[PDB]
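The next block holds one structure in the form of structure tokens; read it before the comments.
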Amino acid sequence: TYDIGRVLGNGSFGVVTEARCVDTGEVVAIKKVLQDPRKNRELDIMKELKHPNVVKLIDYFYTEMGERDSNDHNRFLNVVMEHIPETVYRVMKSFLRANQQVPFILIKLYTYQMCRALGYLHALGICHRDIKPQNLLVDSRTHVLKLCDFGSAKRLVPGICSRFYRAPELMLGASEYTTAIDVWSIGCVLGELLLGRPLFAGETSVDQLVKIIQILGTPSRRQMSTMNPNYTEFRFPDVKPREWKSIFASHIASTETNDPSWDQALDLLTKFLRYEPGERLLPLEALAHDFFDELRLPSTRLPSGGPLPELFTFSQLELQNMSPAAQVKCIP
Amino acid sequence: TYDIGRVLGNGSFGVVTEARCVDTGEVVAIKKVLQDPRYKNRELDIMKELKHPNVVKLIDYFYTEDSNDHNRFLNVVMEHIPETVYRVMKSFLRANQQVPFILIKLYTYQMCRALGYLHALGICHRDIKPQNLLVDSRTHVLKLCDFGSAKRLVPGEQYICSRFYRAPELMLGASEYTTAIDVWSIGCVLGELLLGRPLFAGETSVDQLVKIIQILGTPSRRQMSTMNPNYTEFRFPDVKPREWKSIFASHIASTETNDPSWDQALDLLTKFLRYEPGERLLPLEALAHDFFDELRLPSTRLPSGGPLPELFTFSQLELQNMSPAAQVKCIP
Amino acid sequence: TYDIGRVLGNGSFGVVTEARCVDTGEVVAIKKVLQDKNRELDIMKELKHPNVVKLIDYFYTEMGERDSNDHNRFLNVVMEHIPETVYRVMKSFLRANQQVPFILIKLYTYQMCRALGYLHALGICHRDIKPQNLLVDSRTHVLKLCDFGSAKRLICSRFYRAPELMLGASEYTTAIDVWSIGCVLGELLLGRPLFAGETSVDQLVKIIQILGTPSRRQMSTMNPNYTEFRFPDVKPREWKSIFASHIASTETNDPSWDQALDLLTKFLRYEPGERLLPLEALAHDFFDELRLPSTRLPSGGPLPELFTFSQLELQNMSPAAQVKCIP
Amino acid sequence: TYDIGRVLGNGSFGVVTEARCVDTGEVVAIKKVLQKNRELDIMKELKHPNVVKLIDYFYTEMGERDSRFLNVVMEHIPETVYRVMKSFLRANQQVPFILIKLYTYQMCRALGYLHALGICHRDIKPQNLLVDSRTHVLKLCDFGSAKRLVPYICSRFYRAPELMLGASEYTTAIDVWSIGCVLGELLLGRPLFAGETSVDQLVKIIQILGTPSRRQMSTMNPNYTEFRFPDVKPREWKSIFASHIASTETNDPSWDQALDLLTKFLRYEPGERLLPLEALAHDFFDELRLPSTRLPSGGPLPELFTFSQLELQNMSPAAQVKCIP
Ligand SMILES: O=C1NC(=O)C(c2cnc3ccccn23)=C1c1cn2c3c(cc(F)cc13)CN(C(=O)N1CCCCC1)CC2
Ligand SMILES: O=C1NC(=O)C(c2cnc3ccccn23)=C1c1cn2c3c(cc(F)cc13)CN(C(=O)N1CCCCC1)CC2
Ligand SMILES: O=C1NC(=O)C(c2cnc3ccccn23)=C1c1cn2c3c(cc(F)cc13)CN(C(=O)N1CCCCC1)CC2
Ligand SMILES: O=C1NC(=O)C(c2cnc3ccccn23)=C1c1cn2c3c(cc(F)cc13)CN(C(=O)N1CCCCC1)CC2
């Protein structure tokens, strides 16, 4: 049913390629992975998701190979998905090359839809576990953002690489963690969208723990125990917490032009990037932040002038995972 | 001119699959990786250079069959060896049996010699682990492979997700290192061969440094900085150095007639696993160690009874990169 | 003693698995069969030959009680491990749309004959020779017999079974293994089974369509209960007809095609008594290439063991065969 | 959940072993196969008085290395028709007619059920027909060869003639032919067409059914038309059992009804072989429908008549009034 043509980089190690569905002429994305045919976690998770900001699962099928053999005729699972041409990663580097900041309306739209998508996932009990700009699909014309790449997602049963966006509890080898690790990533994406470069760029985990400490300050004994208990008494150098207003001072200087956006973005950044995972602002709660107040005004449009994408038709599971204060605030 | 059938696994990015050469009837391994024909492939150029009894032979290579494409598929054809040190180890583990000292000697020797040659060309493998060490049970030949991470370390430049066998300088944001990182791996493999489990098994960059310190002791201020200068004044908790006979006490206990095997292996383990990369015993130099004296006796055989594999017909390049003291000891 | 791992497949009446010998690190095959004395193990203890699997060890494993139930007892036969079969090598070339090179057809057929000649010299009949039983190492191109669950001093296969067996014969000779040798030479040259019928009737017809009608007397040397039994009358075809297309595609100014087919005709004969004996076959011109000193594997390597005949092998070779076979 | 113990033998593939369910103490049979299965998928569909119940299934791993066992758990019954047969054979005695009727009936009803789901068993033989000596219940088992036949195993004596001619395509009638061979052996004390090979067997079939016509031959395998086969005359079933009919006599139509039922089963043309659910209404089973009939033990007869809706749907109207007592 599909013409496979041209490789779109690499997903969860498996290969992702462009494809045309011959019945409709439409282009789709096909991630082919090597499964053992006697159960694939990513595809079972994909079958559950339905949300305005998650890639649609379209079809799936196994490659034939034909060559039988009393060893392993391998077999390849083909997951067919909605094709969206860009990522938040690309839009950023496009603005970077232009030495220009992403407009605050796009930063608001992207962070919102990322938060809403990750809240749904967490409401189903699913943790994406590898949120980074390279996974946040974007449509330049409608500025829809969709989640994708669920090769690392998992239903965290009580009892991954890409290092710039991992939660600090992960870099300390926490043997147990919560869905909050995605919230730390949300903070890192929002952070990079505002800064023009990663907030905590470091080659290894040691290198990053330092850079996080050089900003959040030295973690307390109690904070350290909420991340990894085995390190409750592991002492770090005593660094005093630096504050966002300072790090972005130059950006606030050059850009800022009659906007409280910078105050709201940095406040929202603070509520995401917290050592104690339980103290991190939950994603569906975050939708109510004043940073998104612009998106609920009726006269707000895309910079193009076109209409805003889907933002407000919350499902009941979305509403159920919102505090009463949040439920009143989000109604546009 | 190959019948491609059955996937062996995932190498550096690409997939490796078994294949039959239709001209000779022989079985080979084909690693298919996603190249860009407009650029150069590092792994293939490196392999094109290697000729050594303990490196996989490069047999052939070819590209497999629009604008906006660019992404083509490089097919590298190599010698097929059906096992790894990884598989042999987990084999003995299940039997609650220690790998015999004759094999621990054979494998570590051939690994050192393969890595000594590699260094003599200026190449660094950068990801030595049991899974890369091909083994043939019948001859107990060991060969290096998986050169997707190899590189001719050029002073002045700058990310691997292999966890247990990386050198401490790598787990700090080093950005400059030497071929000594391969020697640290040699130590971890020899360590695991003797212990039945990884010497420093911890899931993250941070957890492992901790596990290494609980054994090697806290690094001195100068030992740090020969690893990563950016962390010279970084103090760790004060751990006392453990004794290898302590870690191996139970293994040393069970195996009666300790002989110098345990003493020579632990002396050789000590000379590999050193914080300062510059103080680590060089791989060809290691060949002359007393641990391998059994390999040089004329009456020594494999446990099967068969003859020992290639061990001593050193090339001229090997000799030039051996201290004169080592050469008289190594040539039997 | 042994670490048991991968299941390689199914032998005669049991499962065969990979295993590591803990003393040596070597990989071996263990055939575990239900000992509910074995014949196969007695047969295995006798065999020593370059082209038979080595018997390495054996031990019993029991599950349950005894006088209570019937518990279980299992014979575990430990053998030399070879990683491929002729069956696998064949299907590999088939997928490639390629003929097995004549040097490998020579090597495999030669070594198969020698093992079966030795086996027969002991008076043993293998009784189930097929590509799945002919172990091969691509690296050396050594061929070894295995799977002796049917061997016997005088089956569920059908494609490589002799015509006498498929006629229900009660008595047979060791020449049933020579028919199987030819059906393997045939598949190596045709790229597909010479006689491939699902059943034990469909198969005789496909044989008849090539060998012609067995004479009144020929049918009597196969199964006497069928002498005066008439079959449809087909005229015998010629192997050069059946292989005409292959002989064209593979061309060459070599006598291999003529020599290979001359050997096929001498193997595949209705009369068991007229079939070329396995050790006599070694002297056939087909294997003259193997006796040249300059010959190598296609790889470039040395040829496997081919000529160091034991004294028993020599006793079962005609004097003409002895001068032709010693290089 | 299970203690795996004594090995009972080999089914279509894999080994079957005795086992105890630790929860109930009950004994069950576990078929362990090396694996979406077909046999397990088919087993999951069947629920009928004369098919083994599938109780459970579970997989064991054993290994964890780069480059599985299905365990099918079933109702345990300690005998087969095969084992009951050798019992009377060794006893120099014929299987009682009430038992022949019971076994053939339950077998027909089980295969009739199986066909109504579109499944073909393809390897019915005495060794597959479980029996309980106490109740004389018969249940089908060993579905490793079953398949639904959307248009290669070594079963010998009970294969249909179209199968022994390797017919690339066939119908569920092959199970009907086996029913006939099982009934036949129950009456004769030995296989009807026992031969070392297929050749020996067609020869034995030809010596009884006579030489097949071209069109009969074309309903089996279109190939081999007008090809081979001497002129052999059809023999008579009453001749074959003449010695048995003497010794027994009985003054009963049992021998006539059995041989009539044998004739309607063992026919070259597959479409002309008596369908199984039809077979239940045959006069042979009239005794099983009498209220005063009991087992030879004195006990009650097993389940025989409480037909599901599908069983009724595949019975001719004449058959339904004949079968309901
Ligand atoms: O349309 C889609 N539906 C999906 O599910 C899906 C998908 C599936 N797995 C992953 C993993 C990461 C990112 C996206 N995906 C795509 C899909 C859409 N592009 C992709 C690209 C590579 C790729 F591999 C998959 C996709 C290239 N590209 C991109 O911007 N990149 C790739 C990595 C570096 C920069 C960020 C532009 C569009
Ligand atoms: O025969 C060969 N010639 C080569 O060049 C080569 C090769 C190329 N890249 C790599 C990376 C790692 C190891 C080997 N290779 C192989 C090659 C040989 N086996 C391989 C296996 C997987 C694979 F993907 C490649 C190969 C499985 N296996 C094995 O023990 N494993 C795989 C990883 C976990 C356990 C260790 C058995 C032999
Ligand atoms: O190493 C060995 N030493 C022995 O004695 C021996 C052995 C014992 N019984 C039999 C029966 C048939 C073939 C070989 N054997 C083996 C042995 C070696 N492989 C085996 C395979 C299955 C198996 F079941 C046994 C073995 C798989 N395979 C293979 O190519 N196949 C299996 C059947 C279909 C295709 C042909 C690759 C290697
Ligand atoms: O209790 C059960 N529930 C099932 O499903 C089932 C079963 C599963 N597969 C097959 C295949 C053939 C026959 C029965 N089965 C049994 C089961 C019950 N016996 C079995 C015997 C062997 C065996 F392997 C399985 C079973 C021995 N025996 C028997 O009379 N034999 C065995 C073959 C030669 C003579 C006939 C008496 C009881």
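Can you compute the modelled spin-label distance between residue C:323 and residue B:178, with each label point 7 Å from Cα toward Cβ, in nm?
7.2
Could the peptides B:287-293, C:176-182 be put in order, highest first, of the mean number of other beta-carbon atoms found within 10 Å of their residues?
Descending mean neighbour count gives C:176-182, B:287-293.
Please list, in chain and number order, the residues 5+ apart from residue A:147 or on another chain whose amide H is under 5 Å from its amide H, with Hs placed from the backbone.
Sorted by chain and number, the residues that satisfy this are A:54, A:55.
Suppose we keep just the alpha-carbon trace of the protein assembly as shown; what are its Rg and Dmax in angstrom?
For the protein assembly as shown, the Cα-based Rg and Dmax read 37.8, 118 Å.
Taking just the C-alpha trace of segment B:7-79, give me its Rg and Dmax in Å.
Values for segment B:7-79 (Cα only, Rg and Dmax): 13.0, 43 Å.
Could you give the nm distance between label points at residue A:98 and residue D:214, where each point is 7 Å from its Cα heading toward the beta carbon?
8.5
Amide H neighbours of residue D:7 under 5 Å, counting only residues 5+ apart in sequence or on other chains, H built in-plane at 1.01 Å?
HN-HN under 5 Å from residue D:7: D:18.
Between residue B:279 and residue B:201, take the C-beta separation as r, use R0 = 22 Å, and let me know the FRET efficiency to the nearest 0.05.
0.35
Each residue of segment D:286-301 in turn: what ³J(HN,Hα) in whole Hz from Karplus with 6.51, -1.76, 1.60 and θ = phi - 60°, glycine and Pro shown as x?
With the stated coefficients, segment D:286-301 comes to 4, 4, 4, 8, 6, x, 7, 5, 10, 4, x, 4, x, x, x, 6 Hz.
Count the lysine pairs in segment C:84-325 whose Cα atoms lie under 20 Å apart, taking only pairs 8 or more positions apart in sequence or on different chains.
Value for segment C:84-325: 19.
Name the shape class, rounded, prolate or oblate, that the alpha-carbon gyration tensor gives for chain A, where a ≥ b ≥ c are the square roots of its eigenvalues, rounded holds for a/c under 1.5, and otherwise prolate holds if a/b is larger than b/c and oblate otherwise.
Since a/c reaches 1.5 but b/c is at least a/b, the shape of chain A is classed as oblate.
Return the sequence-ordered ³J(HN,Hα) values of segment C:16-21 in whole Hz as given by the Karplus equation 6.51 cos²θ - 1.76 cosθ + 1.60 applied to θ = phi - 60°, using x for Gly and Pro.
Values, residue by residue: 10, 9, 6, 7, 10, 7 Hz.
Measure out, as a whole number of angstrom, how far apart the alpha-carbon centroids of segment D:85-157 and segment A:21-100 sit.
49
Quick query: amide H of residue B:124 versus all other amide H atoms, modeled in the peptide plane; which residues come in under 5 Å with a sequence gap of 5 or more or a different chain?
The answer is B:151, B:152, B:153.
How far is it, in nm, from the label point at residue D:154 to the one at residue B:51 when both lie 7 Å from their Cα along the line to the Cβ?
Distance between the two pseudo-spin positions: 5.4 nm.
Please go through the residue pairs D:101/D:264; A:132/B:31; B:105/B:245; B:31/C:31 and name each one whose alpha carbons sit more than 23 Å apart in this structure.
Check vs 23 Å cut-off fails for A:132/B:31; B:31/C:31.
I need the calculated FRET efficiency for the pair residue D:75 and residue B:90, taking r as the beta carbon distance and R₀ as 56 Å, to the nearest 0.05.
0.90
How about segment A:230-332: which trypsin sites (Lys or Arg not before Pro) there lie in a loop by DSSP and see at most 14 other Cβ atoms within 10 Å?
Answer by residue number: A:235, A:242, A:301.
Heads up, the Cβs are rebuilt from the backbone with ideal geometry, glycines too, and the neighbour counts pull from every protein chain shown. Every number here is computed from the coordinates shown, using simple stated rules; none is lab data.
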